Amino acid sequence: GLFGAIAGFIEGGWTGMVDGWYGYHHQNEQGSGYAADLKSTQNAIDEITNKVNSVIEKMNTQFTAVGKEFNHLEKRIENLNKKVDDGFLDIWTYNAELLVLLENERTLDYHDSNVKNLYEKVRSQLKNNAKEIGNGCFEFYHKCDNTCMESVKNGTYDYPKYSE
């Protein structure tokens, strides 16, 4: 979207990965499988939760009884009251509507950023030892077993292993 990752150079998402928002899909001699990025996913959940909570928690209201009664000879102040009520209605409706539109735009870009960053993290980790397919996929030049895939997720990937 804004970061070119989600619905970008990574065209689609994985219905298979159900344990997190962002993750990996390994493919070696020991089989295949999906696996969410524990730390990366939890961080978004925390921040997104905080976001939703901020939008809600910041609305601290007074104890008020809207609604007034006026007799047939107080139509003016009745309409004054009606004006202040409709005045607040237009103000809150507009802000609320726009707040949602704005925050939604940002949130989607927030996820795009997290995916793009997770890719950059791995790519700048295995420079030569693997080539970019271009689909958010890395093809290993050196055989990579399961305990090897681990050193990539944990971000603890040794290098000294360049082959051909």
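Each residue number is its position in the shown sequence, starting from 1.
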Between the two ranges 133-141 and 66-74, the one averaging a larger CA B factor in the entry: 133-141
Average Cα temperature factor in the PDB entry - higher stretch of 119-127, 23-31: 23-31
Chain third (lowest, middle, highest) by recorded CA B-factor, residue given as residue 45: middle
Residue 61 - Cα temperature factor, lowest/middle/highest third of chain: middle
